[PDB]
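Chemist: Once you've seen the sequence and the experimental structure below, I've got questions.
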Amino acid sequence: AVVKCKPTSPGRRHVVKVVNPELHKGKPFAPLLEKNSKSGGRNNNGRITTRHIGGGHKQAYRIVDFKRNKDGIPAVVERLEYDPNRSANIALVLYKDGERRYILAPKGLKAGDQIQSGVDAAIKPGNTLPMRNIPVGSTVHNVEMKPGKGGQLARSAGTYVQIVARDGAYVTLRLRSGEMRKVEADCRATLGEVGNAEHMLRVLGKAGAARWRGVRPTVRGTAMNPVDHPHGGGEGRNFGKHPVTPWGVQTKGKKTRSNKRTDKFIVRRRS
Amino acid sequence: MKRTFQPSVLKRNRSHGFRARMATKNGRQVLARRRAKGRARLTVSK
Amino acid sequence: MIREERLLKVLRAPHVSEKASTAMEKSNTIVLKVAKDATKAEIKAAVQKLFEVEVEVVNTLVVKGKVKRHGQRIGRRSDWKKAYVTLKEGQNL
RNA sequence: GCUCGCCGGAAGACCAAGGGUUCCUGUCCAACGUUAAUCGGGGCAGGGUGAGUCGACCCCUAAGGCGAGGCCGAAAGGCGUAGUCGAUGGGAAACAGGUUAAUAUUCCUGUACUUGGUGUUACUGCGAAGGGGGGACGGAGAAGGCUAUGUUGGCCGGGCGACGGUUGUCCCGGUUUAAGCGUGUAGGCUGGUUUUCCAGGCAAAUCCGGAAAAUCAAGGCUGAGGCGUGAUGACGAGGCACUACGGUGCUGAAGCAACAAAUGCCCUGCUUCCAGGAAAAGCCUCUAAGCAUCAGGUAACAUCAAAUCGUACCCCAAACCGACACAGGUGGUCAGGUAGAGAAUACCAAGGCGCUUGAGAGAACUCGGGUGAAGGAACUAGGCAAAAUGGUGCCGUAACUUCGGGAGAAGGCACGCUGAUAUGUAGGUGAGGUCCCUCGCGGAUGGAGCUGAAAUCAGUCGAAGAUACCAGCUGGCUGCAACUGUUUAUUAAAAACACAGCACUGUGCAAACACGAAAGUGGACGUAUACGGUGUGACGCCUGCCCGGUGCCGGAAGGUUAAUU
RNA sequence: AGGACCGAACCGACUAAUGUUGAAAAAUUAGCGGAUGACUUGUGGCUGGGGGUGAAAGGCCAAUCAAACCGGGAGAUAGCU
Ligand SMILES: [Mg+2]
Ligand SMILES: [Mg+2]
Ligand SMILES: [Mg+2]
Ligand SMILES: [Mg+2]
Ligand SMILES: [Mg+2]
Ligand SMILES: [Mg+2]
Ligand SMILES: [Mg+2]
Ligand SMILES: [Mg+2]
Ligand SMILES: [Mg+2]
Ligand SMILES: [Mg+2]
Ligand SMILES: [Mg+2]
Ligand SMILES: [Mg+2]
Ligand SMILES: [Mg+2]
Ligand SMILES: [Mg+2]
Ligand SMILES: [Mg+2]
Ligand SMILES: [Mg+2]
Ligand SMILES: [Mg+2]
Ligand SMILES: [Mg+2]
Ligand SMILES: [Mg+2]
Ligand SMILES: [Mg+2]
Ligand SMILES: [Mg+2]
Ligand SMILES: [Mg+2]
Ligand SMILES: [Mg+2]
Ligand SMILES: [Mg+2]
Ligand SMILES: [Mg+2]
Ligand SMILES: [Mg+2]
Ligand SMILES: [Mg+2]
Ligand SMILES: [Mg+2]
Ligand SMILES: [Mg+2]
Ligand SMILES: [Mg+2]
Ligand SMILES: [Mg+2]
Ligand SMILES: [Mg+2]
Ligand SMILES: [Mg+2]
Ligand SMILES: [Mg+2]
């Protein structure tokens, strides 16, 4: 899929485009399509709460079924679609009752492959079972943190969570970050890994590509004035200060997690 | 040379009109002061 | 329908100019100054009852008041309404 | 009134925005007008804006706003649900001519159309706030079919020339016609149809989705333009009588074909690409309750309604924004001829203008230009400025390189006109005719006519043929930044900023973090191939040593150590 | 195909001159750069003052910016003129 572009102009020399020809080239499924208005990284107060977010291409939000609650009915992969909202590729599946739902396409779940959810489902890529019914060590993705809430772990691209162990009510999970988290065994998880693992091998190649994705230029704090950033500026390239955020908090090393409400679940922190 | 004032009736009324003034406590204080002073035109309203 | 009270107020006065006479003689249209709030249907009923003439169509235009002066102060004339009432074949003044 | 000059992708013509009577008429010239003014966007008076179909209003939603309750907050308030507003977007319908001093798709003439309402008759399953479909959508690109439009001929009317010639192979003008309705073509999409049957679309559904048979594939949908009608009309070059000399009436010929051709239409197409490309209603359809005589529905038909508001005029400007009748700024619409790749540019058309002080003179000097003996950067901070290069085809083109470049490198040759090839060719366009034919917007053939490069050969004129305008100067070595971008609006466009890439670090989701006394919101409807912060800044080769200090991370024995007691 | 190339519109603003009681409180004229894009543009919307927004210049936030403007405390205080 990784395909380098010939250097016919500056801006195309370094672009490394990942091309998957299985992806449906037509329009996406309309009944499961909503609107995704852009915010520019601004809140209900109009203030920029997150910097470097603005512009981009218009995107229609595809409603993805992260719960996988249609147990008992098999589904058939119809087309591996393209999702502009997520790193992975969605997959339109048709159930044996005539209902179409979008799911995060696993590694090699091509068209025609039959998927099933529920406790009765087989141990296959794309099948969703509760982690109590999944063998220890089985690589999964779209792991729910609460039963019935919907998957919220290992949903990016080529991401998966190995089931480290099973200790009754809870199951130890090795997340992509390297952290071992205890999640209830009732939570559902889809067998396999997320597809489109070549996503990391793409190279934007030019500043336009970043703007296409809706990322505005990042100004370094050292290039600003003392009033604009704690890094401020001196005569010439002057630093002489411990790296801090635009708000003064130490940036290189300082930990910031402060929950105490979820610490019990965490077994080991990512090294 | 483009100047600062670009007349737009819709925007003028939506920002300095009577209903915009009456929509807030501060805007009503503006009308009260203008009523107290005796301004013939209380707002830019039409 | 429209009370005769209403019909007796919608028509303010006949309009005298040069275009009005030309229209009155060529298009059989009597231009009449009407009330600002007089609608076309109101004007039709009024013309047919207070002039005994069958009317075909009424065209209404609102004439804005020209801002005159008194030589020292700026004043504005009030807006009036002009009604082009086309009589089918009735004759009048 | 005659010349003259200027603009003509404008300096013309329509608007939106904004303005607000500046419109047109009569009248006045104090002030306003950078001069005079008889004139004016000035004064004064009078007149002028006519709509079921254009626009608004209206129905529908976007960003967003307000927001019953609600949640939260000393108060004032904040946020947000049900809702309800909000266009810059979606949603019914009219065109040609004629007309006023001043409006016209609005008045008039001719011919249309839409959506409601009520009534008649025939007939009937009707019914949402629900369900489905549809509306409904990206960038670029490549065609072909076309039209607007232009050109040429033909045709019709006129003409026969202030100076040699001009009854023709001459000259000038005209040669225009719509909505609608009818047909349904180039093109585009799609198999069709029936039946049975079910975890879906919250319930239901004949609808949609699915599943399975059966049989047929030619039916459907959509679609420019053309033709027909509209149109026995309108309009029309231009005449003839009378003239408030402005006119006014009245009459009125041809009205065809060929070729060329859009950036417009078919095209919301089609092909391809990744950055993956509104919503809602109108609209079509399906059912949930009553009821099944009703009511509703449907088709035709008759009659009724379509209100209100805008409509003048300016609108790249003397009417808007700039204090000015200011050399500035201001979105959209149309897009003639010749030459040209062209919406460049030159010159013209339609149209509009000569910029509201003029008359002289022809000093220095200033400004804006033309030319220049010999020299040729000696000038100067610096070739600043100027001069020079400049088109097309073709031949030819180095180092270096990331194999794309460099490169239009450099350099050089041809170029006008005329004749022949070939009374205009190759190519394109295609009539008639002829045959076919499921007899049509059809097919085959065939070629009239029309248009039309380039090239070659020969000749010819000039000092010069890319002859004007228009239109790279080139090469060499080196610093910095990889590159396209960005910035100190109004002295700094850069080596600065950003940038793809790289790295460190944080962050397990009720994420970090950010704005918020809070609720809440962005991050993100994302989930560690993710996001935040920081540094560096493509690519290649790489990135050494030091943790004593400061910071951070980890660890806690023990010392110290607050409230509390 | 391309933040590809030349070049009008369009968007900018590198140089020169002019102008500097200007035609203009930033323009004109001859050149100049980009010109399918990280483009430009119409309408509406949104963020508010130690706040915003900033491809970062202390830039910009109505000819105003190392803390806008308006009103107020206010006749602040001036060993200074
Ligand atoms: Mg500094
Ligand atoms: Mg410095
Ligand atoms: Mg230094
Ligand atoms: Mg600095
Ligand atoms: Mg007056
Ligand atoms: Mg006059
Ligand atoms: Mg509404
Ligand atoms: Mg393409
Ligand atoms: Mg003679
Ligand atoms: Mg014919
Ligand atoms: Mg175009
Ligand atoms: Mg009306
Ligand atoms: Mg006008
Ligand atoms: Mg002027
Ligand atoms: Mg002006
Ligand atoms: Mg100009
Ligand atoms: Mg030109
Ligand atoms: Mg002049
Ligand atoms: Mg010389
Ligand atoms: Mg040069
Ligand atoms: Mg260096
Ligand atoms: Mg650079
Ligand atoms: Mg600057
Ligand atoms: Mg500058
Ligand atoms: Mg740097
Ligand atoms: Mg550097
Ligand atoms: Mg080291
Ligand atoms: Mg150039
Ligand atoms: Mg210029
Ligand atoms: Mg040049
Ligand atoms: Mg705006
Ligand atoms: Mg302040
Ligand atoms: Mg103050
Ligand atoms: Mg004082």
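Modeler: The structure has been received and is ready for your questions. Residues are numbered from 1 along each chain as shown, chains lettered A, B, ... in the order given. Ligands and ions are numbered 1, 2, ... in the order given.

Chemist: and the longest helix anywhere in chain B, anywhere near RNA strand D?
Modeler: Of all segments of type helix in chain B, defined using DSSP state H, the longest is helix B:25-37. Yes - interface with RNA strand D: helix B:25-37 contributes residue B:25 (CB under 7 Å from any atom of the strand). Backbone N, C-alpha and C define where each C-beta goes, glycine included.

Chemist: just how off-centre is that helix within its chain?
Modeler: 11 Å (CA atoms, centre = their mean, to the nearest Å).

Chemist: With stretch A:13-27 instead?
Modeler: The chain centroid and the centroid of stretch A:13-27 are separated by 19 Å, computed with CA atoms, centre = their mean.

Chemist: Not counting its neighbours along the chain, what's nearest the residue nearest the centre of chain C?
Modeler: Centroid-nearest residue in chain C, with CA atoms, centre = their mean: residue C:32, separated by 2.5 Å. Leaving aside its sequence neighbours, residue C:32 sits nearest to residue C:83 (CB to CB, 6 or more residues apart in numbering or on different chains; 4.8 Å).

Chemist: gap between the strand or helix carrying that neighbour and the chain center?
Modeler: Using DSSP states H and E, residue C:83 sits within strand C:80-87. On the basis of CA atoms, centre = their mean, strand C:80-87 is displaced by 4 Å from the centre of the chain it belongs to.

Chemist: For that strand, list the C-alpha coordinates in CSV.
Modeler: Only the C-alpha atoms of strand C:80-87 are listed here, as CSV (Å, rounded to 0.1, in the frame of the first residue of the first chain):
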residue,chain,number,x,y,z
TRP,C,80,-49.6,58.5,0.5
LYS,C,81,-51.0,55.7,-1.7
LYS,C,82,-51.9,55.8,-5.4
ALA,C,83,-54.4,53.3,-6.8
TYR,C,84,-54.6,52.5,-10.6
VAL,C,85,-58.2,51.3,-10.8
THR,C,86,-59.1,49.9,-14.3
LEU,C,87,-62.8,50.3,-15.0
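
Chemist: residue ranges for the strands of the chain, please.
Modeler: I went with chain A, as the question did not name one. For chain A, the strands defined by DSSP state E cover A:2-4, A:16-18, A:75-79, A:90-95, A:100-104, A:114-115, A:128-130, A:139-141, A:161-167, A:170-174, A:180-184, A:188-191, A:266-268.

Chemist: looking at chain C here, not the other one
Modeler: Using DSSP E, strands in chain C cover C:11-14, C:29-34, C:55-63, C:80-87.

Chemist: which stretch among those comes nearest ligand 2?
Modeler: Comparison of those against ligand 2 by CB to the ion identifies strand C:55-63 as nearest, at 68.1 Å.

Chemist: could the strands of chain C go into JSON lines alongside distance to ligand 1?
Modeler: JSON lines is the format used below for those (distance: least, CB to the ion, whole Å):
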{"stretch": "strand C:11-14", "distance to ligand 1": "76"}
{"stretch": "strand C:29-34", "distance to ligand 1": "74"}
{"stretch": "strand C:55-63", "distance to ligand 1": "64"}
{"stretch": "strand C:80-87", "distance to ligand 1": "69"}
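
Chemist: Now do residue 37: how many residues are near it, please.
Modeler: No chain specified, so I'll use chain A. Using other CB atoms under 10 Å in any protein chain shown, residue A:37 has 7 neighbouring residues.

Chemist: looking at chain C here, not the other one
Modeler: 10.

Chemist: how close does it get to residue C:80?
Modeler: Going from residue C:37 to residue C:80 by CB to CB, to the nearest Å gives 12 Å.

Chemist: Could you list every helix and strand in contact with the longest helix of chain B?
Modeler: Using 3 or more CB pairs under 8 Å, 6 or more residues apart in numbering or on different chains; DSSP states H and E as the contact test, the elements touching helix B:25-37 are helix B:18-22.

Chemist: buried ones in stretch A:99-111?
Modeler: Residues of stretch A:99-111 classed as buried: A:101-107, A:109 (neighbour count, 16 or more other CB atoms under 10 Å in any protein chain shown).

Chemist: so what's residue 23 up against?
Modeler: Since you didn't name a chain, this refers to chain A. A:80-82, A:89 (CB atoms under 8 Å, 6 or more residues apart in numbering or on different chains).

Chemist: my bad, chain C
Modeler: So residue C:23 contacts C:29, C:31, C:84 (CB under 8 Å, 6+ apart).

Chemist: and it, how far is that from RNA strand E?
Modeler: As judged by CB to the nearest atom of the strand, to the nearest Å, residue C:23 and RNA strand E stand 40 Å apart.

Chemist: what do you get for residue A:169?
Modeler: 46 Å.

Chemist: before we move on, what about residue A:166?
Modeler: 49 Å.

Chemist: how deep is the closest residue to that residue other than its chain neighbours tucked in, by neighbour count?
Modeler: Distances taken as CB to CB, 6+ apart place residue A:136 nearest to residue A:166, at 5.2 Å, with adjacent residues excluded. Residues contacting residue A:136 under the criterion other CB under 10 Å number 12.

Chemist: Fine by me, thanks again.
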